[PDB]
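To start, the structure itself, in structure tokens.
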Amino acid sequence: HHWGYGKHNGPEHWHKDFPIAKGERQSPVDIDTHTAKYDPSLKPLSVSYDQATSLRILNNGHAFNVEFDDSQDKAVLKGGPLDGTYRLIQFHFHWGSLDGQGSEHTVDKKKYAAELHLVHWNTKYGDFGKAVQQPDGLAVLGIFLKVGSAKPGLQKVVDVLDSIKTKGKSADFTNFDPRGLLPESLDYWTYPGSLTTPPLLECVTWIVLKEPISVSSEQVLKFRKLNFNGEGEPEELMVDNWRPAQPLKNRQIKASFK
Ligand SMILES: CC(C)c1ccccc1NC(=O)Nc1ccc(S(N)(=O)=O)cc1
Ligand SMILES: [Zn+2]
């Protein structure tokens with residue numbers, strides 16, 4: 001039927017509806033830390049979220065998105081590998097049914113418990129819908145999660161999940177500050193890739209931070225209480241909503257650090 005993460009509609013099936021699944025710049029990928037090369041030409045990364053304005057949180061049946069008002073020039077990502085300015089539109093996570101899996105990118109084949117994606121669009125293309133049609137349309141900032149100490153800045157997200165348990169439910173979610181989800185270091189790897197779910201468009205500059213954030217077991221357990229299904233349908237837990245690593249093909253991963 002329609003795509004998902006199950007046996008009959010998961011990642012190995014996506015290529016039938018979305019042939020670009022077998023394309024030349026698909027994501028995620030395994031980051032081989034020894035083959036990644038330091039690029040002194042990379043300019044410093046600039047994350048300016050002081051004026052970010054969150055509006056709403058939505059369970060879309062695949063993950064949950066915290067959405068931002070992107071009608072003004074507020075929360076922007078620039079520098080690093082990027083030319084120009086990219087505006088924050090939403091963030092979401094991918095996670096596992098177990099602490100030992102959940103991330104989409106891997107690091108020397110290591111899977112983290114989850115992965116946060118902060119999605120930004122290139123303002124030269126006017127809006128998100130036009131930007132995703134361009135090879136440099138999006139920049140996604142990826143941040144690994146490991147299970148250990150709690151992330152206090154995540155808790156406001158965790159506590160609203162009960163109100164969006166099932167597909168299609170949304171809730172007001174204003175004044176959430178995504179700066180509370182960032183690690184200390186902005187050291188990163190970068191490569192050209194794609195959306196990691198259908199339609200799998202090859203429009204993303206990936207920027208994946210080397211330093212993970214820690215969240216508590218209790219925090220990620222609450223992610224795993226969400227549902228893929230809609231209300232009044234059979235309960236299917238929203239877990240393992242990650243795509244495995246795709247072939248690197250003719251790409252090089254660059255590091256911002258040595
Ligand atoms: C046509 C698609 C791109 C579209 C138009 C309007 C609203 C939402 C969407 N879909 C998405 O935004 N999908 C989407 C966004 C981000 C990602 S990810 N996991 O690579 O960061 C994967 C899928
Ligand atoms: Zn994602």
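Numbering starts fresh at 1 for the residues of each chain in the structure tokens, the chains themselves are lettered A, B, ... in the order given, and ligands are numbered from 1 as they appear.
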
Contacts with ligand 2 at most 9 Å, only C-alpha atoms and all ligand atoms counted, listed as number ranges by chain: A: 63, 91-94, 104, 115-119, 140, 142, 195-197, 242

Residues flagged helix (DSSP H, G or I) by DSSP in range 33-248 of chain A, as a ChimeraX atom specification: /A:123-125,128-131,152-158,161-164,178-181,217-223

Please produce a file of those selected residues containing N, CA and C atoms, as a short mmCIF file (atom, residue, chain, number, x, y, z; two decimals), in the first residue's frame.
data_model
loop_
_atom_site.label_atom_id
_atom_site.label_comp_id
_atom_site.auth_asym_id
_atom_site.auth_seq_id
_atom_site.Cartn_x
_atom_site.Cartn_y
_atom_site.Cartn_z
N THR A 123 16.93 30.14 1.38
CA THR A 123 16.02 31.26 1.19
C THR A 123 16.05 31.81 -0.23
N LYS A 124 17.07 31.47 -1.02
CA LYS A 124 17.10 31.94 -2.40
C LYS A 124 15.98 31.32 -3.24
N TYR A 125 15.33 30.27 -2.73
CA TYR A 125 14.27 29.60 -3.47
C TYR A 125 12.87 29.96 -2.97
N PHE A 128 9.84 26.47 1.05
CA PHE A 128 10.25 25.07 1.18
C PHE A 128 9.85 24.22 -0.02
N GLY A 129 8.63 24.39 -0.53
CA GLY A 129 8.17 23.58 -1.64
C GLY A 129 9.00 23.73 -2.90
N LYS A 130 9.47 24.94 -3.17
CA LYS A 130 10.36 25.15 -4.32
C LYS A 130 11.77 24.69 -4.00
N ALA A 131 12.21 24.92 -2.77
CA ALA A 131 13.57 24.56 -2.39
C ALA A 131 13.83 23.06 -2.55
N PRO A 152 17.66 18.29 29.61
CA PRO A 152 16.56 19.05 30.17
C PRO A 152 15.77 19.79 29.11
N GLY A 153 16.44 20.25 28.06
CA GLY A 153 15.81 21.02 27.00
C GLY A 153 14.88 20.22 26.10
N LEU A 154 14.95 18.90 26.21
CA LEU A 154 14.04 18.01 25.49
C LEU A 154 12.73 17.76 26.24
N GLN A 155 12.70 18.03 27.54
CA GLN A 155 11.57 17.56 28.32
C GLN A 155 10.24 18.17 27.88
N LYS A 156 10.21 19.44 27.48
CA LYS A 156 8.96 20.04 27.06
C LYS A 156 8.36 19.29 25.85
N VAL A 157 9.22 18.78 24.98
CA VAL A 157 8.78 17.95 23.86
C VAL A 157 8.20 16.63 24.38
N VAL A 158 8.93 15.95 25.26
CA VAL A 158 8.48 14.68 25.80
C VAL A 158 7.11 14.80 26.45
N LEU A 161 3.91 14.74 24.15
CA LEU A 161 3.66 13.60 23.27
C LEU A 161 2.36 12.85 23.56
N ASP A 162 1.90 12.89 24.80
CA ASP A 162 0.63 12.24 25.15
C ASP A 162 -0.54 12.85 24.41
N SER A 163 -0.41 14.10 23.97
CA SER A 163 -1.50 14.78 23.29
C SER A 163 -1.50 14.53 21.78
N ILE A 164 -0.44 13.89 21.25
CA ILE A 164 -0.35 13.63 19.82
C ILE A 164 -0.01 12.14 19.57
N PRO A 178 14.97 25.63 20.42
CA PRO A 178 15.77 24.47 20.01
C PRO A 178 17.24 24.56 20.39
N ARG A 179 17.70 25.69 20.92
CA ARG A 179 19.09 25.78 21.38
C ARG A 179 19.35 24.78 22.51
N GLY A 180 18.28 24.38 23.20
CA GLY A 180 18.39 23.44 24.30
C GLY A 180 18.64 22.01 23.86
N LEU A 181 18.65 21.77 22.55
CA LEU A 181 18.89 20.43 22.02
C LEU A 181 20.29 20.27 21.41
N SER A 217 16.91 7.27 29.51
CA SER A 217 16.12 6.11 29.12
C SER A 217 14.63 6.45 29.21
N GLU A 218 14.23 7.18 30.25
CA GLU A 218 12.82 7.53 30.43
C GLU A 218 12.32 8.47 29.31
N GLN A 219 13.19 9.37 28.85
CA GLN A 219 12.82 10.23 27.74
C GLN A 219 12.60 9.45 26.44
N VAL A 220 13.52 8.57 26.08
CA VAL A 220 13.34 7.84 24.83
C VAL A 220 12.19 6.80 24.95
N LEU A 221 11.97 6.25 26.14
CA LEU A 221 10.82 5.35 26.34
C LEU A 221 9.50 6.04 25.98
N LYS A 222 9.41 7.34 26.25
CA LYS A 222 8.21 8.09 25.91
C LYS A 222 8.06 8.30 24.40
N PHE A 223 9.17 8.42 23.67
CA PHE A 223 9.09 8.44 22.22
C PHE A 223 8.44 7.15 21.74
#

Nearby residues (only C-alpha atoms) at most 9 Å from residue 21 in chain A, same-chain spacing under 5 positions excluded, as a VMD selection string: chain A and resid 11 14 to 16 26 198 to 201

Test item, strand (DSSP E or B) assignment across range 118-182 of chain A, answer as a PyMOL selection string: chain A and resi 118-122+138-147+170-172

Using only C-alpha atoms: which of A:101, A:205, A:174, A:256 has the shortest distance to residue 120 in chain A: A:205
